[PDB]
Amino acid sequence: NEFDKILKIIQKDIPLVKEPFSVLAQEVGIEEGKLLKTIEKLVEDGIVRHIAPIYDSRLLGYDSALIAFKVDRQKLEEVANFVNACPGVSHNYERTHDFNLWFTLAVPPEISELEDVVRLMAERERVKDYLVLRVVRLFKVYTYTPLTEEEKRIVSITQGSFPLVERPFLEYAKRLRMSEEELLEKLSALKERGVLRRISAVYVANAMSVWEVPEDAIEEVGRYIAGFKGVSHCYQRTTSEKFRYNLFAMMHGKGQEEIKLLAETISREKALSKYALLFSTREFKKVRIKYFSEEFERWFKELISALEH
């Protein structure tokens, strides 16, 4: 099926050439214009909603962490809306835990350390207890070189929707005042460095399950948990005094108790008595950040300025 072949192929990394859809068209076996208009349908209708470059957050120089605030209900909403205002906050959730507000914060390089940003946030919101957790996705060598201002501009203008045209790098190249060949050259290098991952198209109850697992077992455990329906993303971090859980596993079900059952099973079969179910009871924000926009810094100055008194 064409639909099946096209849907399948645009989820694969799209080649860094001048006419990538010409190449995909050849591989699929259909005329390019027909391939193009079809892609639109798939995004117009929403089984794939977008098609874009995927950049590695830390290889861009972004420090990102999972932040948890201890806020009490009277002030939960007020604090939540403050968090959402931050351009570096991607997801924000109210969860069932002593730390009842969890958000993902990403901070651009050369503005402020992440720890400083959250300190000023917590100080402004009068939040005494907070957590700064750096997790790594369990999808189961790259060295961070600071990006030049040109590479920042490249990432800045390319990060959005990939143009569904014959020459999807052309307009970008014109804006960057360079040839397509020069742009693709730089995009290739970023891909070689892992800064650019790829260019591709991509329940009722939900919970972040957190687990304390011996690190010589987190691999196996992570894979065991990954085999279950109701389990999506898994993350790992180090253990700490402030938060002894080193394995994170996003759970979902058509009910809380259903998730509880799944967690209890895992706890049983893997002998993991140390865990907690942090159910998502509110979603304040679920956007994806734009990299290297000026709006974080401007937001940041305001936080500084508002703290002046």
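Start at 1 and count along the sequence shown; that's the residue number.
- In this entry, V202 and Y203 are separated by 4 to 9 residues of the deposited sequence that lack coordinates.
- The entry models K140 and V141 with a gap of 10 or more deposited residues left without coordinates.
- Of the two segments examined, 22 to 30 and 265 to 273, it is 265 to 273 that shows the higher average Cα temperature factor in the deposited entry.
- Per-stretch averaging of Cα B factors for 286 to 294 and 10 to 18 places 286 to 294 on top.
- Of the candidates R167, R237, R177, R73, the deposited coordinates give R73 the top C-alpha B factor.
- In the PDB entry, a CA B factor belonging to the highest third of its chain's modelled residues is recorded for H50.
- Ranked by Cα temperature factor within the chain, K254 sits in the highest third according to the deposited record.
- When the modelled residues of the chain are ordered by their C-alpha B factor, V43 lands in the highest third.
- In the deposited entry, the Cα temperature factor of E113 sits in the bottom third of values across the chain's modelled residues.
- Sort the chain's modelled residues by C-alpha temperature factor and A217 lands in the highest third, per the entry.
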